[PDB]
Amino acid sequence: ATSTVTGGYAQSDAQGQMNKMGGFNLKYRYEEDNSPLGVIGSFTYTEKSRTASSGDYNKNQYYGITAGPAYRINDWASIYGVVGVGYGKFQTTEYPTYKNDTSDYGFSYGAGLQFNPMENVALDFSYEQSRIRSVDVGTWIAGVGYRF
């Protein structure tokens, strides 16, 4: 078997891709004892706030669980479709309105991409998109790290 040890930074941004909201990442899955079959785990954690001069004071955190396998077509690369849900319950934490009416989910989906590994280097990507009504969310995650 193998364990592809990856992690890195992510930007979950919504309503207009402009927001550094990430924290850390770790991806860690097991590989099969016959086929070249792996599994691919996204985990996101958002713990950034964004001042400038307006008052975007990012309350709450997101939590986002997306999953799928990874398998080769013949023997070039291993990529697959991955699917999940994203839950965040934010609030405007400046203007005299506080939490308005927040609470919804979005079914995150996209593809999970995994690169040709090394003996101490891995390169893993997820790109997940969700919608809430008429606000898109996009989240990319870098999985850089090792493999053994």
# chains A, B, ... in the order shown; residues from 1 in each chain; ligands from 1
>>> residues_around(residues="residue A:63", least_positions_apart="6", cutoff="10 Å", atoms="only C-alpha atoms", output="VMD selection string")
chain A and resid 43 to 46 85 to 89
>>> write_last_selection(atoms="N, CA and C atoms", output="mmCIF file, in the first residue's frame")
data_model
loop_
_atom_site.group_PDB
_atom_site.id
_atom_site.type_symbol
_atom_site.label_atom_id
_atom_site.label_comp_id
_atom_site.auth_asym_id
_atom_site.auth_seq_id
_atom_site.Cartn_x
_atom_site.Cartn_y
_atom_site.Cartn_z
ATOM 1 N N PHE A 43 -10.575 17.858 3.319
ATOM 2 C CA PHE A 43 -10.959 18.424 4.596
ATOM 3 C C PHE A 43 -10.565 19.894 4.494
ATOM 4 N N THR A 44 -11.487 20.829 4.736
ATOM 5 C CA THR A 44 -11.164 22.252 4.761
ATOM 6 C C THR A 44 -11.453 22.815 6.147
ATOM 7 N N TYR A 45 -10.707 23.847 6.527
ATOM 8 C CA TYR A 45 -10.846 24.553 7.782
ATOM 9 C C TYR A 45 -10.583 26.024 7.482
ATOM 10 N N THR A 46 -11.517 26.916 7.802
ATOM 11 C CA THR A 46 -11.420 28.329 7.464
ATOM 12 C C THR A 46 -11.298 29.104 8.775
ATOM 13 N N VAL A 85 -20.736 18.038 0.973
ATOM 14 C CA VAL A 85 -21.603 19.113 1.425
ATOM 15 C C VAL A 85 -20.732 20.132 2.174
ATOM 16 N N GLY A 86 -21.122 21.406 2.146
ATOM 17 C CA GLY A 86 -20.471 22.511 2.833
ATOM 18 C C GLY A 86 -21.489 23.218 3.718
ATOM 19 N N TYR A 87 -21.128 23.450 4.982
ATOM 20 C CA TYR A 87 -21.955 24.101 5.985
ATOM 21 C C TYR A 87 -21.184 25.257 6.630
ATOM 22 N N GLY A 88 -21.692 26.476 6.463
ATOM 23 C CA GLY A 88 -21.211 27.654 7.157
ATOM 24 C C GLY A 88 -22.399 28.545 7.473
ATOM 25 N N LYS A 89 -22.374 29.184 8.645
ATOM 26 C CA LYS A 89 -23.486 29.978 9.160
ATOM 27 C C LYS A 89 -22.929 31.318 9.622
#
>>> residues_around(residues="stretch 65-79 of chain A", least_positions_apart="6", cutoff="12 Å", atoms="only C-alpha atoms", output="PyMOL selection string")
chain A and resi 27-32+35-45+85-88+105-117+124-130+139+141
>>> closest_residue(among="A:52, A:137, A:122, A:144", to="residue A:21", atoms="only C-alpha atoms")
A:137
>>> select_by_dssp(residues="chain A", states="strand (DSSP E)", output="PyMOL selection string")
chain A and resi 4-7+10-14+26-27+37-45+63-71+78-88+104-106+109-114+122-132+135-147
>>> closest_residue(among="A:123, A:83, A:132, A:118", to="residue A:148", atoms="only C-alpha atoms")
A:118
